[PDB]
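Just the one chain here, the form deposited without this ligand, laid out as structure tokens.
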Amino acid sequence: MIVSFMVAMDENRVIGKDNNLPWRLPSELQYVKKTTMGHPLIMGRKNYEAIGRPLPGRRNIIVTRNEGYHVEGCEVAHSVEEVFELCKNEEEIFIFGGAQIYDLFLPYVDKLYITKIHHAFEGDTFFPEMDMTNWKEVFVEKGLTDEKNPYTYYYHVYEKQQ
């Protein structure tokens, strides 16, 4: 089972609050929608809450330690193990969460999808350079700049080699 992690960072590799873009910037959310269609999307509660609804045509799983947290139209898991149990029959899952969730799943991540925005935003977490002895860049794709997405941005997708 392939585990893919999705992150968005600014031009200096800094991640905004909870791996959520500021000021309702739709850049990453649009990409997550397109990319995870047909496969489970695993979110931290803060990412789900930013979206505010389950995305259509896929399982939406919120991972949270909070045992009293309930969401209509979504599944709730309370640990890495519970996520894997829910997804034991899935060929691939996508995880869209914050630093804690990245750390939790890191040993199992096969593919990283990094959206890099060419602008600096206030943030308190630096995402280190990719170790290219153990990751390969599969492709780079220029993002669609428009009214709602004013900045240049690129999707960099990496696959864990060893």
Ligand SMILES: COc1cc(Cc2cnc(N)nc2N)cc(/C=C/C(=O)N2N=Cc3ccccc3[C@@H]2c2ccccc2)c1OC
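Numbers for residues come from their place in the sequence shown, where the first is 1. Definition used throughout: the rigid core is the maximal C-alpha set that superposes within 1.5 Å between two forms.
Below: the form deposited with this ligand bound, not depicted.
> Using the pose of this ligand in the deposited bound form, placed onto this unliganded form by C-alpha superposition round the site, state open if no ligand atom is within 2.4 Å of a backbone or C-beta atom and blocked if 3 or more are.
In the deposited bound form, this ligand occupies a site that, on this form, turns out blocked once the ligand is superposed onto it.
> At the 4.5 Å heavy atom threshold, is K111 in contact with this ligand in the deposited bound form?
So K111 does not count as contacting this ligand.
> Is there a heavy atom of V32 lying 4.5 Å or less from a heavy atom of this ligand in the deposited bound form?
Yes, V32 lies within 4.5 Å of this ligand in the deposited bound form.
> Although this ligand is absent from this view, report whether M130 comes within 4.5 Å of it in the deposited bound form, heavy atoms only.
The answer is no: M130 has no heavy atom within 4.5 Å of this ligand.
> Since only the chain is shown here, I'm wondering whether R53 would be in contact with this ligand in the deposited bound form (any heavy atom pair within 4.5 Å).
Contact with this ligand, yes.
> Once the two forms are fit on the core, has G38 moved its CA by at least 2 Å between this form and the one not shown?
For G38, whose C-alpha is compared between this form and the one not shown after core superposition, the shift is less than 2 Å.
> For a quick test of reading the superposition: does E137 move by 2 Å or more at the CA between this form and the one not shown, rigid core aligned?
Not so; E137 is displaced by less than 2 Å.
> Aligning on the rigid core, do we see the C-alpha of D124 shift 2 angstroms or more between this form and the one not shown?
Indeed, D124 is displaced by 2 Å or more.
> Your call: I42 and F127 CA atoms, closer or farther in the deposited bound form versus the shown structure, by 3 Å or more?
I42 and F127 sit closer together in the deposited bound form.
> Over in the other structure, so in the deposited bound form, do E90 and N19 pull closer or drift farther apart at the C-alpha level? The difference is 3 angstroms or more.
Pair moves farther apart in the deposited bound form.
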